[PDB]
>>> print(open('query.cif').read())   # mmCIF, C-alpha atoms and all ligand atoms
data_input
#
loop_
_atom_site.label_atom_id
_atom_site.label_comp_id
_atom_site.auth_asym_id
_atom_site.auth_seq_id
_atom_site.Cartn_x
_atom_site.Cartn_y
_atom_site.Cartn_z
CA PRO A 1 58.78 45.30 61.76
CA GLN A 2 60.10 45.00 58.21
CA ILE A 3 61.88 48.18 57.12
CA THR A 4 62.67 49.20 53.53
CA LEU A 5 65.62 51.43 52.77
CA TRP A 6 64.25 54.21 50.55
CA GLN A 7 64.53 56.38 53.63
CA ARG A 8 67.04 56.31 56.52
CA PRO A 9 66.13 53.49 58.98
CA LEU A 10 65.57 55.81 61.93
CA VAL A 11 63.99 54.43 65.04
CA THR A 12 63.00 56.00 68.34
CA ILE A 13 65.03 54.75 71.30
CA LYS A 14 65.07 55.25 75.07
CA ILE A 15 68.38 55.38 76.84
CA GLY A 16 69.31 56.85 80.22
CA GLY A 17 65.73 57.98 80.70
CA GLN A 18 65.94 60.09 77.54
CA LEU A 19 64.29 59.64 74.18
CA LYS A 20 66.39 59.86 71.02
CA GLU A 21 66.13 58.88 67.37
CA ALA A 22 68.85 56.61 65.96
CA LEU A 23 69.94 54.87 62.74
CA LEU A 24 69.72 51.12 62.41
CA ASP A 25 73.24 50.76 61.01
CA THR A 26 74.42 47.37 59.67
CA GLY A 27 77.74 49.01 58.70
CA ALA A 28 78.60 49.83 62.34
CA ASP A 29 80.20 47.26 64.64
CA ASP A 30 79.33 49.33 67.74
CA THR A 31 76.62 51.70 68.88
CA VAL A 32 77.64 55.37 68.90
CA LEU A 33 75.53 58.15 70.31
CA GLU A 34 76.01 61.88 70.26
CA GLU A 35 77.01 63.62 73.47
CA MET A 36 74.42 62.97 76.14
CA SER A 37 74.41 62.53 79.89
CA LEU A 38 74.68 58.89 80.85
CA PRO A 39 75.15 57.49 84.38
CA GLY A 40 78.37 55.94 85.55
CA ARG A 41 81.91 55.02 84.74
CA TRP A 42 83.47 54.90 81.30
CA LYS A 43 86.79 54.19 79.57
CA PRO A 44 88.23 56.47 76.87
CA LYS A 45 88.54 55.03 73.39
CA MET A 46 89.02 55.93 69.73
CA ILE A 47 86.82 54.60 66.95
CA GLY A 48 87.54 55.03 63.25
CA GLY A 49 84.98 55.97 60.61
CA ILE A 50 84.89 57.48 57.11
CA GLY A 51 86.78 60.75 57.69
CA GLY A 52 89.11 59.53 60.42
CA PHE A 53 88.78 58.89 64.14
CA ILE A 54 86.91 60.32 67.11
CA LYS A 55 87.49 59.97 70.84
CA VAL A 56 84.54 58.30 72.57
CA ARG A 57 83.53 57.29 76.08
CA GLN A 58 82.80 53.58 76.40
CA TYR A 59 79.90 52.55 78.59
CA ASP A 60 79.23 48.86 79.22
CA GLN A 61 76.01 47.14 80.24
CA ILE A 62 73.92 50.15 79.22
CA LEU A 63 70.24 49.47 78.70
CA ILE A 64 68.50 50.74 75.56
CA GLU A 65 64.93 50.31 74.37
CA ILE A 66 64.99 50.30 70.56
CA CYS A 67 61.54 50.19 69.04
CA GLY A 68 60.23 48.61 72.25
CA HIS A 69 62.83 45.84 72.29
CA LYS A 70 65.18 46.09 75.26
CA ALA A 71 68.88 45.48 74.84
CA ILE A 72 71.89 45.90 77.10
CA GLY A 73 75.51 46.28 76.20
CA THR A 74 78.13 48.73 75.03
CA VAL A 75 77.33 52.29 74.07
CA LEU A 76 80.02 54.71 72.84
CA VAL A 77 79.44 58.40 73.34
CA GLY A 78 81.19 61.28 71.57
CA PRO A 79 81.03 63.62 68.62
CA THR A 80 79.33 61.36 66.04
CA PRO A 81 77.14 63.34 63.52
CA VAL A 82 74.19 60.94 63.99
CA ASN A 83 73.11 58.45 66.69
CA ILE A 84 74.00 55.01 65.33
CA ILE A 85 72.72 51.65 66.58
CA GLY A 86 75.35 49.07 65.64
CA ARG A 87 75.51 45.27 65.28
CA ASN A 88 76.34 44.82 68.95
CA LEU A 89 72.74 45.82 69.74
CA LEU A 90 71.09 44.82 66.40
CA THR A 91 71.72 41.13 67.10
CA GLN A 92 69.99 41.51 70.47
CA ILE A 93 66.77 42.79 68.93
CA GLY A 94 66.81 40.05 66.30
CA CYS A 95 67.51 42.39 63.42
CA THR A 96 68.48 40.87 60.05
CA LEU A 97 69.12 41.85 56.43
CA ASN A 98 66.97 40.29 53.69
CA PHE A 99 67.09 40.30 49.90
CA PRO B 1 69.39 35.47 51.34
CA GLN B 2 68.69 36.25 54.98
CA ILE B 3 71.71 37.83 56.62
CA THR B 4 72.17 37.93 60.40
CA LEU B 5 74.42 40.50 62.00
CA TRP B 6 76.67 38.56 64.40
CA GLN B 7 79.32 39.29 61.79
CA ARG B 8 79.88 42.16 59.37
CA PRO B 9 77.51 41.74 56.36
CA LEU B 10 80.23 41.41 53.76
CA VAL B 11 79.20 40.70 50.26
CA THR B 12 81.16 40.05 47.03
CA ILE B 13 80.54 42.56 44.28
CA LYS B 14 81.74 43.03 40.75
CA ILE B 15 82.25 46.60 39.46
CA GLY B 16 84.22 47.90 36.49
CA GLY B 17 85.31 44.32 35.79
CA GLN B 18 86.88 43.79 39.23
CA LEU B 19 85.84 41.76 42.25
CA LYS B 20 85.63 43.40 45.69
CA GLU B 21 84.12 42.67 49.09
CA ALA B 22 81.74 45.35 50.40
CA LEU B 23 79.69 46.06 53.51
CA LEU B 24 75.88 46.01 53.29
CA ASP B 25 75.44 49.29 55.08
CA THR B 26 71.94 50.52 56.05
CA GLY B 27 73.59 53.40 57.84
CA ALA B 28 74.99 54.85 54.58
CA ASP B 29 72.96 56.99 52.11
CA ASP B 30 75.32 56.38 49.18
CA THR B 31 77.79 53.79 48.01
CA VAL B 32 81.47 54.58 48.61
CA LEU B 33 84.36 52.36 47.61
CA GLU B 34 88.10 52.61 48.16
CA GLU B 35 90.45 53.88 45.47
CA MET B 36 90.02 51.83 42.30
CA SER B 37 90.01 52.34 38.54
CA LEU B 38 86.55 53.03 37.07
CA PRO B 39 85.80 53.96 33.40
CA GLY B 40 83.90 57.18 32.83
CA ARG B 41 83.85 60.82 33.83
CA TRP B 42 83.47 61.78 37.46
CA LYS B 43 82.42 64.79 39.56
CA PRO B 44 84.16 66.14 42.69
CA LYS B 45 82.28 65.74 45.94
CA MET B 46 82.62 65.74 49.70
CA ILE B 47 80.83 63.35 52.05
CA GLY B 48 80.79 63.34 55.84
CA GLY B 49 81.13 60.42 58.23
CA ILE B 50 82.11 59.57 61.81
CA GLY B 51 85.50 61.28 61.78
CA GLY B 52 84.60 64.15 59.47
CA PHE B 53 84.68 64.54 55.70
CA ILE B 54 86.51 63.05 52.75
CA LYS B 55 86.80 64.14 49.14
CA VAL B 56 85.49 61.57 46.68
CA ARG B 57 84.83 61.15 42.98
CA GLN B 58 81.21 60.85 42.06
CA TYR B 59 80.41 58.43 39.23
CA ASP B 60 76.84 58.13 37.96
CA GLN B 61 75.06 55.25 36.21
CA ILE B 62 77.71 52.75 37.33
CA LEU B 63 76.99 49.00 37.13
CA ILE B 64 77.54 46.77 40.19
CA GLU B 65 76.68 43.11 40.69
CA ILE B 66 76.21 42.73 44.44
CA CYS B 67 75.90 39.13 45.54
CA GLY B 68 74.94 38.34 41.93
CA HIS B 69 72.23 41.02 41.88
CA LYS B 70 72.66 43.80 39.31
CA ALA B 71 72.20 47.45 40.10
CA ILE B 72 73.07 50.81 38.52
CA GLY B 73 73.53 54.12 40.22
CA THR B 74 75.95 56.46 41.92
CA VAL B 75 79.23 55.23 43.30
CA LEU B 76 81.61 57.49 45.20
CA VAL B 77 85.29 56.65 45.06
CA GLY B 78 87.85 57.96 47.55
CA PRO B 79 89.61 57.22 50.81
CA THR B 80 86.95 55.35 52.82
CA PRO B 81 88.59 52.63 54.92
CA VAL B 82 86.04 49.98 53.89
CA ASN B 83 83.91 49.42 50.80
CA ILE B 84 80.32 50.28 51.66
CA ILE B 85 77.12 49.52 49.71
CA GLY B 86 74.64 52.24 50.66
CA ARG B 87 70.87 52.53 50.50
CA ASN B 88 71.04 54.01 47.03
CA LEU B 89 71.91 50.50 45.80
CA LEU B 90 70.43 48.43 48.66
CA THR B 91 66.88 49.44 47.61
CA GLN B 92 67.65 48.24 44.05
CA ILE B 93 68.51 44.70 45.20
CA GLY B 94 65.40 44.46 47.34
CA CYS B 95 67.30 44.59 50.57
CA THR B 96 65.30 45.16 53.79
CA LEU B 97 65.82 45.26 57.56
CA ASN B 98 63.74 42.91 59.72
CA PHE B 99 63.19 42.43 63.43
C1 LIG A 101 78.61 56.81 60.29
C2 LIG A 101 77.59 57.55 59.49
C3 LIG A 101 78.06 58.96 59.35
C4 LIG A 101 77.43 56.94 58.09
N1 LIG A 101 78.52 56.00 57.79
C5 LIG A 101 77.97 54.68 57.40
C6 LIG A 101 78.40 53.66 58.48
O1 LIG A 101 77.79 52.42 58.38
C7 LIG A 101 79.95 53.45 58.59
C8 LIG A 101 80.47 52.68 57.42
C9 LIG A 101 81.95 52.45 57.73
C10 LIG A 101 82.78 53.57 57.89
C11 LIG A 101 84.14 53.40 58.17
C12 LIG A 101 84.64 52.12 58.30
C13 LIG A 101 83.84 51.02 58.15
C14 LIG A 101 82.47 51.16 57.86
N2 LIG A 101 80.28 52.68 59.78
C15 LIG A 101 80.64 53.45 60.82
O2 LIG A 101 81.19 54.51 60.72
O3 LIG A 101 80.71 52.77 62.02
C16 LIG A 101 81.73 52.98 63.04
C17 LIG A 101 81.27 52.72 64.53
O4 LIG A 101 81.20 51.30 64.40
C18 LIG A 101 82.45 50.92 63.83
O5 LIG A 101 82.54 49.84 62.99
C19 LIG A 101 82.77 50.32 61.66
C20 LIG A 101 83.67 51.51 61.91
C21 LIG A 101 82.98 52.07 63.10
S1 LIG A 101 79.65 56.61 56.69
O6 LIG A 101 80.65 57.47 57.29
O7 LIG A 101 80.45 55.56 56.16
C22 LIG A 101 78.85 57.46 55.29
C23 LIG A 101 78.73 58.83 55.32
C24 LIG A 101 78.12 59.52 54.25
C25 LIG A 101 77.64 58.75 53.19
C26 LIG A 101 77.02 59.34 52.10
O8 LIG A 101 76.65 58.42 51.35
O9 LIG A 101 77.00 60.59 52.19
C27 LIG A 101 77.78 57.36 53.19
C28 LIG A 101 78.41 56.65 54.24
#
>>> encode(input="query.cif", output="structure tokens")
Amino acid sequence: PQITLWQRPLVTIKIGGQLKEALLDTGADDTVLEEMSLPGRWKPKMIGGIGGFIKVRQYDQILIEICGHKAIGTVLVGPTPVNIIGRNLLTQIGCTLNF
Amino acid sequence: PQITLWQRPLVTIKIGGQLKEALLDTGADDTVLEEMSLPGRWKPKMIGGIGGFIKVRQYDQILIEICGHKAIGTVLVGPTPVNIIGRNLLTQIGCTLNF
């Protein structure tokens, strides 16, 4: 799809057998999802955003289906205000910026 | 230009007579730039991000030339760690997401 930016670029995703809605976020290096149950092991980590930092759990080789396109890689989980799909997964689905 | 996301989508902008680099940020509603000197009168505002909220100065009808494309609208100034061009200006330059 081509997506214009008059509204938030929210897409429906499937991760860990659950369905969520998430922002296509070119300003985010990594993918960060609100607290959710996800299988397996994780390493603790801190990521910095606008207002400061949050502690997240890092999950590697996690599968996500974003608008029907599968991708696998790193998903951070913790108290983000919105689910954010970052560049780490955006490049896998072939997402680009055009003007 | 088409912009792929293997790297941060950093763009050169000119605002208030100064040259900055800013992030093309689909995940941001508004444009927020680090502390810098801008002409007019501003309004006090608080915006929320990953780590919580920051106080910013709201400036309206501000001119920015983003990758040599002119736009006018709201710019928030305050302690963001990176300069971010948000959707409020991205729509003006014809910027879209594609996959
Ligand atoms: C995260 C979400 C809440 C919206 N944010 C936009 C998002 O692209 C921000 C922009 C940003 C923030 C801090 C440092 C660099 C870039 N990126 C973002 O927070 O991403 C996170 C996770 O991935 C990481 O790489 C960048 C820093 C890390 S935001 O905090 O910057 C924001 C919030 C409110 C507004 C508003 O206009 O109200 C605008 C922008």
>>> residues_near_ligand(input="query.cif", ligand="ligand LIG 101 (chain A)", cutoff="7 Å", atoms="all atoms listed in the file", output="NGL selection string")
(:A and (25-32 or 47-51 or 81-82 or 86)) or (:B and (25-32 or 47-50 or 80-82 or 84 or 86))
>>> atom_distance(input="query.cif", atom1="CA of residue 87 (chain B)", atom2="CA of residue 45 (chain A)")
29.0 Å
>>> closest_residue(input="query.cif", among="B:16, B:90, B:99, B:36", to="residue 67 (chain A)", atoms="only C-alpha atoms")
B:99
>>> closest_residue(input="query.cif", among="A:52, A:68, A:40, A:79", to="chain B", atoms="all atoms listed in the file")
A:52
>>> closest_residue(input="query.cif", among="A:33, A:19, A:72, A:57", to="chain B", atoms="only C-alpha atoms")
A:33
>>> closest_residue(input="query.cif", among="A:38, A:24, A:54, A:5", to="residue 75 (chain A)", atoms="all atoms listed in the file")
A:38
>>> closest_residue(input="query.cif", among="A:3, A:69, A:10, A:22", to="residue 34 (chain A)", atoms="all atoms listed in the file")
A:22
>>> closest_residue(input="query.cif", among="B:98, B:15, B:83, B:2", to="residue 62 (chain B)", atoms="all atoms listed in the file")
B:15
>>> atom_distance(input="query.cif", atom1="CA of residue 13 (chain B)", atom2="CA of residue 94 (chain A)")
26.1 Å
>>> atom_distance(input="query.cif", atom1="CA of residue 93 (chain B)", atom2="CA of residue 55 (chain B)")
27.0 Å
>>> residues_around(input="query.cif", residues="residue 18 (chain A)", least_positions_apart="4", cutoff="12 Å", atoms="only C-alpha atoms", output="number ranges by chain")
A: 12-14, 36-39, 63-65
>>> residues_around(input="query.cif", residues="residue 56 (chain B)", least_positions_apart="3", cutoff="6 Å", atoms="only C-alpha atoms", output="list in words")
residues 45, 46, 76, 77 and 78 of chain B
>>> decode(input="query.cif", residues="region 43-62 of chain A", atoms="N, CA, C and O atoms", output="compact mmCIF listing (two decimals), in the first residue's frame")
# COMPACT_ATOMS: atom_id res chain seq x y z
N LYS A 43 16.29 -10.06 27.42
CA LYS A 43 17.33 -9.34 28.16
C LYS A 43 16.87 -7.92 28.48
O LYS A 43 16.25 -7.26 27.64
N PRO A 44 17.15 -7.44 29.70
CA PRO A 44 16.64 -6.12 30.09
C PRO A 44 17.45 -5.03 29.40
O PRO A 44 18.61 -5.24 29.06
N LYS A 45 16.82 -3.89 29.17
CA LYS A 45 17.43 -2.87 28.35
C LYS A 45 16.73 -1.55 28.61
O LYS A 45 15.60 -1.54 29.10
N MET A 46 17.40 -0.44 28.29
CA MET A 46 16.80 0.89 28.42
C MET A 46 16.89 1.61 27.08
O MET A 46 17.97 1.74 26.50
N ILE A 47 15.74 2.08 26.60
CA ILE A 47 15.69 2.88 25.39
C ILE A 47 15.24 4.32 25.67
O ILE A 47 14.36 4.56 26.49
N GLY A 48 15.84 5.27 24.98
CA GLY A 48 15.55 6.67 25.25
C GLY A 48 14.67 7.30 24.20
O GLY A 48 14.94 7.17 23.01
N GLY A 49 13.62 7.97 24.65
CA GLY A 49 12.72 8.70 23.75
C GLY A 49 12.58 10.16 24.11
O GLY A 49 13.47 10.72 24.73
N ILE A 50 11.46 10.78 23.75
CA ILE A 50 11.30 12.22 23.97
C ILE A 50 11.49 12.64 25.43
O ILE A 50 12.39 13.42 25.72
N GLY A 51 10.68 12.08 26.34
CA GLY A 51 10.67 12.51 27.73
C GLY A 51 11.71 11.87 28.65
O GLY A 51 11.75 12.15 29.85
N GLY A 52 12.56 11.03 28.09
CA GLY A 52 13.52 10.30 28.90
C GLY A 52 13.50 8.84 28.49
O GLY A 52 13.17 8.53 27.34
N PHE A 53 13.81 7.96 29.43
CA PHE A 53 14.09 6.56 29.13
C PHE A 53 13.00 5.66 29.68
O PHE A 53 12.23 6.08 30.54
N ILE A 54 12.89 4.45 29.15
CA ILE A 54 12.09 3.41 29.80
C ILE A 54 12.85 2.11 29.77
O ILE A 54 13.69 1.89 28.89
N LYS A 55 12.57 1.26 30.75
CA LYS A 55 13.16 -0.07 30.80
C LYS A 55 12.30 -0.98 29.92
O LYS A 55 11.10 -0.97 30.03
N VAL A 56 12.93 -1.75 29.04
CA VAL A 56 12.20 -2.65 28.16
C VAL A 56 12.75 -4.07 28.26
O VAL A 56 13.89 -4.27 28.65
N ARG A 57 11.95 -5.05 27.87
CA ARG A 57 12.48 -6.39 27.65
C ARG A 57 12.76 -6.65 26.17
O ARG A 57 11.90 -6.44 25.31
N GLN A 58 13.98 -7.08 25.87
CA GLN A 58 14.37 -7.32 24.49
C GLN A 58 14.11 -8.76 24.12
O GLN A 58 14.55 -9.68 24.82
N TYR A 59 13.40 -8.95 23.02
CA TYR A 59 13.09 -10.25 22.48
C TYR A 59 13.62 -10.30 21.05
O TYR A 59 13.29 -9.44 20.23
N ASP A 60 14.46 -11.29 20.77
CA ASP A 60 15.04 -11.46 19.45
C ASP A 60 14.35 -12.56 18.69
O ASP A 60 13.68 -13.41 19.28
N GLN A 61 14.54 -12.55 17.38
CA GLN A 61 13.84 -13.42 16.44
C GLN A 61 12.37 -13.64 16.79
O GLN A 61 11.91 -14.78 16.87
N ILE A 62 11.65 -12.54 16.99
CA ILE A 62 10.20 -12.59 17.18
C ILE A 62 9.50 -12.30 15.87
O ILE A 62 9.80 -11.32 15.19
